[PDB]
């Protein structure tokens, strides 16, 4: 069952063995991934999060972010620790009470404290559209058509040794998959379809790090949604999906009744499909219960290329059609050295007082805000351009902006900008050396919004800044509930801060 839009959600520790290897985890709703939280566009979500964590090896504090939901007027509910709140302490609960006007699509939720989401606190979040303009393109769209892609580690996130390379031990598709080393024939996920029907597959990367090359043997995939934004139909046979991105695609169950491999190849960790790693099964009703015998092609015919995507609606691009053609044109210097990332020379280290609380307490310029150099003000009602030139180690980096989606005026691996009809999305690969991936948006959402790489290990190592959007109107725009005001006193008392 899906839960929500009004629900409790308990965060617990438990052992799980999604690839046959038992380890403790941090779970929402007792499962990995967590249960789907769902409602309809415009609904009031009230997710009362109960922190029941007791194992300090994965942190007993928590905070949850609702990835891709704009939180307009509810910045306090956004979830990034020390940006919009202090964490919830164990034995306490907190109602994330917000609305989703003007949004409908495929989202997800995850811990936003340290690297805790890697330890298991991740799940889908779907906002259905009763009047979806794409409704006639498919027959089935429900919990059985959500496909999550996850990296899974045998080493606990807090226990990843300083100075050694971090790679995953298994790819999990819908929570199941096989380990790259010491592979055992643990159960694979099965996605079931009926011959002749069409499915809205909601593909969600809940990755802490790798991107995946996703395909389904014998089938192609017609993209209709990108990170919550309806797209024109784009047929592809492979999707490279970066951490935190989402696509909806129509799967036409138009192949012979049978079994077909579902493939998700990460860019790090195990390469290939030996022993059934990196795999799940598409099974038609009436097929024999056995593994597929299909193969991938050597070369895919129609891979997704980001510049091929275009919005379904006439979204355009704000500003003027040239580089720097914005009210506030920015170019960030994104770098890595000696174990830490930096943005414009500053590595992000979370502050003691959340940025939002600093603003509400009267700190009203961004030079006043801690961490020094990590908070950049944005003016209200303005076109913002942010160029994100790649080159920093550990790429390709998927950058994500809270509080907003954005026009992708320039994509990876293509030097040509598009000021006419690029896709809008919320998480974008900044590509490879020499690229100049560039985003644009308008500032109509007062509050401090995190901008960061969504490889969680890189966020932890400092690859982030905060955009303090319309500082002057932040307090009036975002009235805070008493329970939010109680978070930092409770946290600081528990931790002797």
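Numbering follows the first chain given and starts at 1. Basically, rigid core = biggest C-alpha set you can superpose within 1.5 Å across the two forms.
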| request: Return whichever of 321-329 or 164-172 has the larger RMS Cα deviation from the displayed form in 9 other deposited structures of this protein, where every structure is aligned on the rigid core. | output: 164-172
| task | Any chance you could tell me whether 154-162 or 95-103 drifts more in 9 other deposited structures of this protein, judged by RMS CA distance from this form after superposing on the core? | result | 154-162
| request: Could you settle it for me: does 240-248 or 331-339 have the higher average Cα B factor in the PDB entry? | output: 331-339
| request: Would you tell me which stretch averages the higher CA B-factor in the PDB entry, 184-192 or 414-422? | output: 184-192
| query | Which listed residue, 447, 434, 68, 34, has the largest C-alpha temperature factor in the record? | reply | 434
| said: So if I compare the CA B-factors in the entry for 75, 106, 361, 103, which one is the largest? | reply: 361
| field | For residue 128, the third of its chain into which the C-alpha B factor falls | value | middle
| task | Please place residue 144 in the lowest, middle or highest third of its chain by C-alpha B factor as given in the entry. | result | highest
| CA B-factor ranking of residue 268, expressed as a third of its chain | middle
| query | Which third of the chain holds residue 313 when residues are ordered by C-alpha B factor: lowest, middle or highest? | reply | highest
| request: Just say lowest, middle or highest third for the CA B-factor of residue 323 relative to the other modelled residues in its chain. | output: middle
